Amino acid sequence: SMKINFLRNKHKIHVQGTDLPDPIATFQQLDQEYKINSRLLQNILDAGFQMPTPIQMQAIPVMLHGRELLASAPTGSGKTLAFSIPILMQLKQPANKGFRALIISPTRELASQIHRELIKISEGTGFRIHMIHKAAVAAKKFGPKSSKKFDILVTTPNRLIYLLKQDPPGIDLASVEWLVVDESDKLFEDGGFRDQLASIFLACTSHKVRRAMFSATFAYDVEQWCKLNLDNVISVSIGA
């Protein structure tokens, strides 16, 4: 209460929305409150991430509570772990259900960095995290008629749309529980993208699907797009 008010005031966590989950002060809370995988928590601490960052403090519990999210914080804020931890925690265990989470980033470069961070923080947990490259697309390695032993996909909008539009579809999004857009401000400014995201979401038919939009800057048509498209959105923004 005073603790919570302190967290938000000290770390400049500005939050709008209804029924807001409290921020977490420490990664240790997550063992106490959500019973996070012990290896995952040790990986996080071994990486030297002693304390969550302001965006992590509030974004993580928002996603854990199944609430759609618009999260804004400058470059360097730790937005990758802010969405990766709750995705890993929600998914619980590797499974043979095909991709259960999908992260969209503007470029191969930025996608590859998210992919490596996921690989590193999830070491020893057995989660299979993939990018789908040209030859894998050619091979239909992640097709609906494949093994389905893959958990999390990191990708770009065009690559994902290419897969969806193949005949027959080179990917099935029916089990995706989390759809995360990273660098939303950039994406809504480059393309267009709005229609892609509509068709992506339309393909994500799980009763469980939730969306989170991450952006570097708290920007107008991302804000208005979210208030308009997301369900009961919670906005979190870190002041400078």
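All residue numbers refer to positions in the sequence shown, first residue = 1.
In this entry, is the chain continuous from residue 191 to residue 192, or are deposited residues missing in between (none, 1 to 3, 4 to 9, 10 or more)?
-> Gap between residue 191 and residue 192: 1 to 3 unmodelled residues.
State which stretch shows the higher mean Cα B factor in the entry: 143-151 or 115-123.
-> Looking at the recorded C-alpha B-factors, 143-151 comes out higher on average.
Look up the CA B-factors in the entry and say which stretch, 176-184 or 195-203, has the higher mean.
-> Per the PDB record, 195-203.
Check the PDB entry and point out which of 36, 171, 213, 59 has the largest C-alpha temperature factor.
-> Of 36, 171, 213, 59, 36 has the highest C-alpha B-factor.
Options 81, 137, 95, 104 - largest CA temperature factor per the record = Highest C-alpha B-factor among the listed residues goes to 137.
Going by the entry, which third of its chain does the Cα temperature factor of residue 29 land in?
-> Highest third - that is where residue 29 ends up once the chain's C-alpha B-factors are sorted.
In terms of the chain's CA B-factor thirds, is residue 2 lowest, middle or highest?
-> According to the entry, residue 2 has a C-alpha B-factor in the chain's highest third.
So where's residue 44 on the chain's Cα temperature factor ranking, which third?
-> Within its chain, residue 44 is a middle-third residue by C-alpha B-factor, going by the deposited values.
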